[PDB]
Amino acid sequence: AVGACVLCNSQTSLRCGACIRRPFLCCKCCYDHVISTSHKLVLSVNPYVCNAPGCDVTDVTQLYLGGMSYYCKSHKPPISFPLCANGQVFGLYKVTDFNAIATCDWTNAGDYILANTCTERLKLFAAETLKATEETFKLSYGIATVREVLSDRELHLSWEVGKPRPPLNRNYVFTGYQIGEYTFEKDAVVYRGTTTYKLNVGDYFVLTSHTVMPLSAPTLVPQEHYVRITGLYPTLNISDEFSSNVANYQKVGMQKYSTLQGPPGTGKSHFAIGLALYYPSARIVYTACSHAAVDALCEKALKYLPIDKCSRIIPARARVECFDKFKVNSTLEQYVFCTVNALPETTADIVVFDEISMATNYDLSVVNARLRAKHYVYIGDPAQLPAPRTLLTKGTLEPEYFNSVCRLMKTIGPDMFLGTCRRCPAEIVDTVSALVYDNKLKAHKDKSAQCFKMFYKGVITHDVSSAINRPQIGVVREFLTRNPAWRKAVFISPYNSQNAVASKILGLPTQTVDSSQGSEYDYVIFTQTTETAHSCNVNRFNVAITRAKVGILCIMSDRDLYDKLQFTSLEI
């Protein structure tokens, strides 16, 4: 019960017993916390509570020291000192921002802004408080019991009364009862389990609420700048392919951490795997939050890096299918590809953390705690989608507030920027360049003349809260008949309920804007569905239209984004 202060690093026995994370607060900070918040319980070796029998005075301001013990104003002896006096709380070794992180419910945007504008220890305290609050909210949801089993991918459920029912989408992973993790998609619902088990009636599903471990290491290590490349040994025969990134790989060896903003199709995976060919002796650990991002880096490594020094680290609780071409769990290989929550405690010459807009400060901290590296590279784009903040309902989270790396890329600018998009038809590049990249993204491709936009509001129906626009899918059906080349298109929309109606009516493979991130397709059909804050989000809009390599059809609901699309307008 003895440690350092989460606000000034001063030594103390004092911890706030009212905080969901029990932080150590020094005498001056602990006082300035209990006197300006509803939090009045202070802990140390023993709690500051009235020692008198059957007494329930736990407020530190209403307590005193009578000998080696604590009592209130109604039980204390004549020789008693108040615990709260002269701006200090009595303890061994004798804040506005901390107060707000300790007392917020994490439902407002300003809560997340503060958790990123504060000092580094307050960023870790906010990351811990938030993740603990997010897990205690998963308990509030009601247990889902199987009522009947229709087929191999279809069923009907019985929900717990009183306790709210969580939204059925692949974004929420249940745990059957330990009959494997299971996911759902909306009376004929779709059942998709990580494990093959003959669906039983009576067996129930609960969201796996994991325990939040304390955060020790910072979100970003202190920056160091070097005059020479440190601990890394470059080649003077880096292939013509990676020559465009030589000036940037050198910047990587001359700084502790480096930020890289890579708009869609500008060469992020190419840069990441190219850093290994530039310092061919270095041990590189490739990390990302999702299994999909770690697998997309594995695919690029399979093409250039020797498959013998490559290892895909798969966690024992293998949830959904990942990369199978590398030696599994060989922690000691030169190239280690592994998701953040599966990272073993190891060291590296370079750590590459990809899809940095999806990282939370909790993830940023975990990577710094599990990996000790000479150099750290953060690759991503604050103009793309962040990690879902499940408690956030009021206000929108701006990219400078996604995490500490994003905050740097949006305030001081990124260290490195890949400015030429080699995937998208010029119409898409020119639209996203003006929308989110302040006209600095350039098109390598020509205009494809296969980019269309249609202003059709349709009719919005709601499957609980996930939206459907059957008339916008009707327009896509009409278009598909006159444009058979578009038969091979991927259907994208901001809602999975729209994607379910579109999969049955169009037969096109379906993907939400959020699951499309990181992937590319020749043709993309996007229906906006609604003109809500969710479907008008410019980061979602940017990810949606930048998936196409050849053509895109956008059926729009919002006049603003329809007008901003530099596409050929269509009629019907």
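In this text, the rigid core denotes the largest set of C-alpha atoms whose superposition between the two forms falls within 1.5 Å. Residue numbers here begin at 1 and follow the sequence given.
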Revision key, fill the gap. With the rigid core as the fit reference, the stretch showing the greater C-alpha departure in 9 other deposited structures of this protein, 425-433 or 193-201, is 193-201
Study note, to complete from the structure: Should one compare 156-164 and 67-75 by root mean square Cα distance from the shown form in 9 other deposited structures of this protein, core superposed, the larger belongs to 67-75
**Study point:** Across other compared entries, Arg477 missing in at least a third
**Key:** no
Practice item. State whether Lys186, though modelled here, is left unmodelled in a third or more of the other entries compared. Key: no
Point to revise | Gap size between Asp187 and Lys186, counted in deposited residues that the entry leaves unmodelled | key: 4 to 9
Check your understanding: In the deposited sequence, how many residues between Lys94 and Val95 have no modelled coordinates (none, 1 to 3, 4 to 9, 10 or more)?
Key -> 4 to 9
Revision key, fill the gap. Per the PDB entry, mean CA B-factor is higher for 207-215 or 364-372, namely for 207-215
Study note, to complete from the structure: When mean C-alpha B-factors in the record are compared for 428-436 and 77-85, the larger belongs to 77-85
Check your understanding: In the PDB entry, which of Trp106, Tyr401, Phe455, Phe174 has its C-alpha at the highest B-factor?
Key -> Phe174
Exercise for review: Going by the CA temperature factor in the entry, name the top one among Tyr495, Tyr226, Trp486, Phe271.
Suggested key: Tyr226
**Study point:** Ranked C-alpha temperature factor of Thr196 among modelled chain residues, by third
**Key:** highest
**Study point:** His156 by Cα B-factor - lowest, middle or highest third of the modelled chain
**Key:** highest
Review point. Taking the entry's C-alpha B-factors for this chain, is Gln255 in the lowest, middle or highest third?
Key: highest
Review point. According to the PDB entry, is the CA B factor of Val190 in the bottom, middle or top third of its chain, that is, lowest, middle or highest?
Key: highest
Practice item. Report the third (lowest, middle or highest) to which the CA temperature factor of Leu506 belongs, ranking only the modelled residues of the same chain. Key: lowest
